[PDB]
Structure formats: C-alpha cells, structure tokens
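A.B. asks: Take this structure first; my questions come after.
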Amino acid sequence: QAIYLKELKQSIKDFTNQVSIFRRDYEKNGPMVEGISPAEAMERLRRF
Amino acid sequence: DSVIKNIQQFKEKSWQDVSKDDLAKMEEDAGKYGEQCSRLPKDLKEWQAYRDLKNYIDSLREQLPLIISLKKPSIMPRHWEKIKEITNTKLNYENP
C-alpha cells in the first residue's frame with residue numbers, strides 16, 4: 001500500500017509542473033490575440 | 001465555421017439548378033442567412049473572424065426584397081441592360 005502512496009505522490013508532483021508548462025504555452029501560443037491567423041485557429045484550438 | 005461552410009455549400013448551382021426567381025430557393029437560403037444574422041449579434045468580443053463573418057452576411061434586410069422581383073422572367077436582357085446602366089454598375093455591363 002505504501003509504494004502506491006509514493007506513486008500517487010510522484011504523480012501529483014509531475015502533474016503540477018505539467019499544468020505549469022500548459023498555462024505557459026497558452027499565453028504565447030494559439031487563441032491569445034496576437035496575429036491575424038485567418039481561419040486556421042480551429043486546428044490549433046482543437047489540438048488545445 | 002458553420003455559417004461559412006453553409007455559404008460554401010451553396011456557391012455552385014446553375015441557373016437551372018439554382019432557382020432564384022420568385023420562389024427563390026436561394027433567396028430562401030438568404031432568409032435562412034437572415035436568421036443566421038438573427039443569431040449573428042454577440043457582444044462577447046470582436047474578432048477578425050467575427051467581423052469577416054459579419055461582412056459575409058450583413059445589411060441583407062435590403063437584399064431580402066430587392067431581388068425577389070428582380071429575378072422574375074420580367075427581367076429580360078433589356079432589363080439587365082437597364083440595371084447595368086441606371087445603377088451605373090460595370091457588373092452587369094460585363095455580365096448581363
């Protein structure tokens with residue numbers, strides 16, 4: 001049961017920085033209002 | 001996307017296919033786009049794609065009754081002439 005607790009630990013630990021790099025990709029990439037991007041935004045929005 | 005891909009689903013019907021004269025299935029498509037304009041207004045934010053869509057389907061309140069009778073067999077190539085000249089548009093000058 002303990003090693004499963006430590007697995008849950010490392011899981012939460014890595015998921016945190018995953019969400020970090022997630023929110024950090026957001027501001028520079030995609031639906032943020034930066035360029036024209038004529039009607040292409042759907043592809044990147046769907047990958048998001 | 002939806003408004004645009006419907007606008008593209010109709011761009012190719014020929015004069016025998018597209019009935020635009022007095023029972024106009026495509027002016028009925030234009031009334032469908034009139035209710036598409038009834039759903040157009042949204043004040044969340046102004047987007048480039050949003051104003052592109054708006055430029056595609058706006059001021060159709062004058063298109064709605066303009067061409068319903070402008071497409072009858074009433075309109076003979078002489079009436080196409082009259083249109084091109086009095087409207088001073090080279091559109092029907094180049095294609096009556």
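Order determines the names: the first chain of the structure tokens is A, the second B, and so forth; residues in each chain are numbered 1 upward, and ligands are numbered 1 upward as they are shown.
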Give me, as a PyMOL selection string, the residues of chain B touching chain A, with the criterion being at most 12 Å (counting only C-alpha atoms).

C.D. replies: chain B and resi 1+4-5+45-53

A.B. asks: Would you mind exporting C-alpha atoms of the selected residues as a PDB file, in the first residue's frame?

C.D. replies:
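Wrote out-v8.pdb, looks like this:
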ATOM      1  CA  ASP B   1     -17.254  27.753 -39.325  1.00  0.00           C
ATOM      2  CA  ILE B   4     -19.191  29.865 -43.689  1.00  0.00           C
ATOM      3  CA  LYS B   5     -19.421  26.200 -44.677  1.00  0.00           C
ATOM      4  CA  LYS B  45     -15.653  40.139 -28.149  1.00  0.00           C
ATOM      5  CA  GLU B  46     -14.923  41.450 -31.630  1.00  0.00           C
ATOM      6  CA  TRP B  47     -12.734  39.070 -33.622  1.00  0.00           C
ATOM      7  CA  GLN B  48     -11.209  39.269 -37.064  1.00  0.00           C
ATOM      8  CA  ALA B  49     -13.082  36.071 -37.930  1.00  0.00           C
ATOM      9  CA  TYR B  50     -16.206  37.568 -36.346  1.00  0.00           C
ATOM     10  CA  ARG B  51     -16.177  40.698 -38.500  1.00  0.00           C
ATOM     11  CA  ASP B  52     -15.286  38.533 -41.504  1.00  0.00           C
ATOM     12  CA  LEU B  53     -18.457  36.534 -40.870  1.00  0.00           C
TER      13      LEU B  53
END

A.B. asks: Which polymer residues have any atom within 10 Å of an atom of segment 89-94 of chain B, counting only C-alpha atoms, with same-chain residues fewer than 5 positions away left out, as a PDB file with N, CA, C and O atoms, in the first residue's frame?

C.D. replies:
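That gives us out_0.pdb:
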ATOM      1  N   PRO B  77     -32.992  40.462 -70.849  1.00  0.00           N
ATOM      2  CA  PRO B  77     -31.709  41.122 -71.131  1.00  0.00           C
ATOM      3  C   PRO B  77     -31.799  42.627 -71.349  1.00  0.00           C
ATOM      4  O   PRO B  77     -30.848  43.346 -71.035  1.00  0.00           O
ATOM      5  N   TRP B  80     -31.797  43.678 -67.836  1.00  0.00           N
ATOM      6  CA  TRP B  80     -30.415  43.573 -67.385  1.00  0.00           C
ATOM      7  C   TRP B  80     -29.609  44.781 -67.838  1.00  0.00           C
ATOM      8  O   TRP B  80     -28.814  45.343 -67.070  1.00  0.00           O
ATOM      9  N   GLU B  81     -29.789  45.169 -69.100  1.00  0.00           N
ATOM     10  CA  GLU B  81     -29.287  46.441 -69.595  1.00  0.00           C
ATOM     11  C   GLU B  81     -29.690  47.584 -68.673  1.00  0.00           C
ATOM     12  O   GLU B  81     -28.837  48.210 -68.036  1.00  0.00           O
ATOM     13  N   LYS B  82     -30.998  47.813 -68.531  1.00  0.00           N
ATOM     14  CA  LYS B  82     -31.483  48.900 -67.683  1.00  0.00           C
ATOM     15  C   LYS B  82     -30.795  48.895 -66.323  1.00  0.00           C
ATOM     16  O   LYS B  82     -30.378  49.949 -65.831  1.00  0.00           O
ATOM     17  N   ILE B  83     -30.651  47.718 -65.710  1.00  0.00           N
ATOM     18  CA  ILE B  83     -29.961  47.631 -64.425  1.00  0.00           C
ATOM     19  C   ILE B  83     -28.543  48.157 -64.550  1.00  0.00           C
ATOM     20  O   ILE B  83     -28.147  49.086 -63.835  1.00  0.00           O
ATOM     21  N   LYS B  84     -27.764  47.594 -65.478  1.00  0.00           N
ATOM     22  CA  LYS B  84     -26.359  47.980 -65.579  1.00  0.00           C
ATOM     23  C   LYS B  84     -26.211  49.484 -65.797  1.00  0.00           C
ATOM     24  O   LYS B  84     -25.437  50.144 -65.090  1.00  0.00           O
TER      25      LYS B  84
END

A.B. asks: With DSSP run on the backbone, what are the alpha helix (DSSP H) residues within chain A? I'd like them as JSON, numbers by chain.

C.D. replies: {"A": [2, 3, 4, 5, 6, 7, 8, 9, 10, 11, 12, 13, 14, 15, 16, 17, 18, 19, 20, 21, 22, 23, 24, 25, 26, 27, 28, 41, 42, 43, 44, 45, 46, 47]}

A.B. asks: I need the residues from that last selection saved to file as an mmCIF file, in the first residue's frame (with N, CA and C atoms), if you can.

C.D. replies:
data_model
loop_
_atom_site.group_PDB
_atom_site.id
_atom_site.type_symbol
_atom_site.label_atom_id
_atom_site.label_comp_id
_atom_site.auth_asym_id
_atom_site.auth_seq_id
_atom_site.Cartn_x
_atom_site.Cartn_y
_atom_site.Cartn_z
ATOM 1 N N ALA A 2 2.042 1.194 0.616
ATOM 2 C CA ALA A 2 2.900 2.370 0.700
ATOM 3 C C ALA A 2 3.420 2.785 -0.671
ATOM 4 N N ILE A 3 3.950 1.832 -1.442
ATOM 5 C CA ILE A 3 4.525 2.174 -2.740
ATOM 6 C C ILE A 3 3.465 2.783 -3.652
ATOM 7 N N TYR A 4 2.195 2.424 -3.449
ATOM 8 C CA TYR A 4 1.124 3.075 -4.196
ATOM 9 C C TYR A 4 0.933 4.512 -3.733
ATOM 10 N N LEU A 5 1.118 4.768 -2.436
ATOM 11 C CA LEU A 5 1.094 6.144 -1.954
ATOM 12 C C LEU A 5 2.222 6.959 -2.572
ATOM 13 N N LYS A 6 3.416 6.371 -2.685
ATOM 14 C CA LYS A 6 4.540 7.104 -3.264
ATOM 15 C C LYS A 6 4.348 7.305 -4.766
ATOM 16 N N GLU A 7 3.699 6.342 -5.428
ATOM 17 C CA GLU A 7 3.336 6.511 -6.831
ATOM 18 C C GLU A 7 2.346 7.657 -7.004
ATOM 19 N N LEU A 8 1.317 7.709 -6.153
ATOM 20 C CA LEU A 8 0.403 8.846 -6.156
ATOM 21 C C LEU A 8 1.154 10.150 -5.924
ATOM 22 N N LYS A 9 2.137 10.126 -5.021
ATOM 23 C CA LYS A 9 2.952 11.310 -4.779
ATOM 24 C C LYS A 9 3.606 11.784 -6.066
ATOM 25 N N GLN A 10 4.496 10.962 -6.634
ATOM 26 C CA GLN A 10 5.214 11.374 -7.841
ATOM 27 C C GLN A 10 4.249 11.775 -8.950
ATOM 28 N N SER A 11 3.068 11.150 -8.990
ATOM 29 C CA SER A 11 2.067 11.519 -9.985
ATOM 30 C C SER A 11 1.605 12.959 -9.792
ATOM 31 N N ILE A 12 1.217 13.317 -8.565
ATOM 32 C CA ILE A 12 0.814 14.698 -8.304
ATOM 33 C C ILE A 12 1.974 15.652 -8.579
ATOM 34 N N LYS A 13 3.191 15.255 -8.191
ATOM 35 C CA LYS A 13 4.342 16.136 -8.358
ATOM 36 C C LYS A 13 4.576 16.456 -9.826
ATOM 37 N N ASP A 14 4.508 15.447 -10.700
ATOM 38 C CA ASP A 14 4.759 15.711 -12.114
ATOM 39 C C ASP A 14 3.575 16.422 -12.765
ATOM 40 N N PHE A 15 2.350 16.107 -12.325
ATOM 41 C CA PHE A 15 1.168 16.741 -12.902
ATOM 42 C C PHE A 15 1.157 18.240 -12.626
ATOM 43 N N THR A 16 1.716 18.657 -11.486
ATOM 44 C CA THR A 16 1.768 20.087 -11.184
ATOM 45 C C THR A 16 2.579 20.854 -12.229
ATOM 46 N N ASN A 17 3.824 20.433 -12.478
ATOM 47 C CA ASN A 17 4.627 21.145 -13.470
ATOM 48 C C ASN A 17 4.099 20.924 -14.881
ATOM 49 N N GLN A 18 3.375 19.823 -15.113
ATOM 50 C CA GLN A 18 2.678 19.682 -16.386
ATOM 51 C C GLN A 18 1.676 20.812 -16.586
ATOM 52 N N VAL A 19 0.828 21.060 -15.582
ATOM 53 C CA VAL A 19 -0.119 22.173 -15.663
ATOM 54 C C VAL A 19 0.624 23.497 -15.802
ATOM 55 N N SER A 20 1.798 23.603 -15.175
ATOM 56 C CA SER A 20 2.607 24.812 -15.311
ATOM 57 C C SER A 20 2.977 25.072 -16.770
ATOM 58 N N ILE A 21 3.630 24.102 -17.416
ATOM 59 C CA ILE A 21 4.042 24.298 -18.808
ATOM 60 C C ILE A 21 2.824 24.433 -19.721
ATOM 61 N N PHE A 22 1.697 23.833 -19.334
ATOM 62 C CA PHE A 22 0.421 24.042 -20.013
ATOM 63 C C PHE A 22 0.065 25.528 -20.072
ATOM 64 N N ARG A 23 -0.127 26.124 -18.894
ATOM 65 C CA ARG A 23 -0.524 27.524 -18.814
ATOM 66 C C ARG A 23 0.551 28.437 -19.397
ATOM 67 N N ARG A 24 1.801 27.966 -19.450
ATOM 68 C CA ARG A 24 2.855 28.795 -20.033
ATOM 69 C C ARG A 24 2.864 28.727 -21.556
ATOM 70 N N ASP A 25 2.453 27.596 -22.132
ATOM 71 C CA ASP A 25 2.259 27.542 -23.578
ATOM 72 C C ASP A 25 1.098 28.433 -23.997
ATOM 73 N N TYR A 26 0.082 28.540 -23.136
ATOM 74 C CA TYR A 26 -1.137 29.255 -23.521
ATOM 75 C C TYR A 26 -0.866 30.703 -23.926
ATOM 76 N N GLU A 27 -0.123 31.446 -23.103
ATOM 77 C CA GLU A 27 -0.050 32.894 -23.288
ATOM 78 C C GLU A 27 0.625 33.283 -24.597
ATOM 79 N N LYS A 28 1.542 32.457 -25.100
ATOM 80 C CA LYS A 28 2.262 32.770 -26.327
ATOM 81 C C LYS A 28 1.660 32.065 -27.540
ATOM 82 N N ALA A 41 -7.152 29.097 -36.942
ATOM 83 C CA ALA A 41 -7.126 28.938 -35.492
ATOM 84 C C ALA A 41 -7.865 27.693 -35.025
ATOM 85 N N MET A 42 -8.741 27.137 -35.863
ATOM 86 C CA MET A 42 -9.511 25.971 -35.451
ATOM 87 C C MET A 42 -8.616 24.759 -35.226
ATOM 88 N N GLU A 43 -7.600 24.570 -36.072
ATOM 89 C CA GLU A 43 -6.706 23.425 -35.911
ATOM 90 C C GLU A 43 -5.989 23.471 -34.567
ATOM 91 N N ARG A 44 -5.350 24.602 -34.263
ATOM 92 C CA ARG A 44 -4.625 24.711 -33.004
ATOM 93 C C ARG A 44 -5.576 24.697 -31.815
ATOM 94 N N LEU A 45 -6.775 25.268 -31.964
ATOM 95 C CA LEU A 45 -7.739 25.232 -30.872
ATOM 96 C C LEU A 45 -8.208 23.808 -30.601
ATOM 97 N N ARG A 46 -8.324 22.990 -31.647
ATOM 98 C CA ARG A 46 -8.719 21.599 -31.458
ATOM 99 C C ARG A 46 -7.590 20.783 -30.842
ATOM 100 N N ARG A 47 -6.346 21.078 -31.220
ATOM 101 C CA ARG A 47 -5.230 20.410 -30.561
ATOM 102 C C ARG A 47 -5.150 20.819 -29.090
#

A.B. asks: What separation in Å, quoted to one decimal, exists between atom CA of residue 96 of chain B and atom CA of residue 34 of chain B?

C.D. replies: 26.8 Å

A.B. asks: Compile the contact shell of residue 18 of chain B as a list in words: residues with an atom at most 12 Å away, counting only C-alpha atoms, same-chain residues fewer than 6 positions apart removed.

C.D. replies: residues 10, 11, 12, 24, 25, 26, 27, 28, 29 and 71 of chain B

A.B. asks: Atom CA of residue 40 of chain A and atom CA of residue 2 of chain B are how many Å apart?

C.D. replies: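 Spanning atom CA of residue 40 of chain A to atom CA of residue 2 of chain B is a straight-line distance of 14.4 Å.
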
A.B. asks: If I take atom CA of residue 30 of chain B and atom CA of residue 61 of chain B, how far is one from the other in Å, to one decimal?

C.D. replies: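 Computing it gives 9.9 Å between the two atoms.
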
A.B. asks: Counting only C-alpha atoms, what is within 10 Å of residue 74 of chain B, bar same-chain residues fewer than 5 positions away, as a count of residues only?

C.D. replies: 3
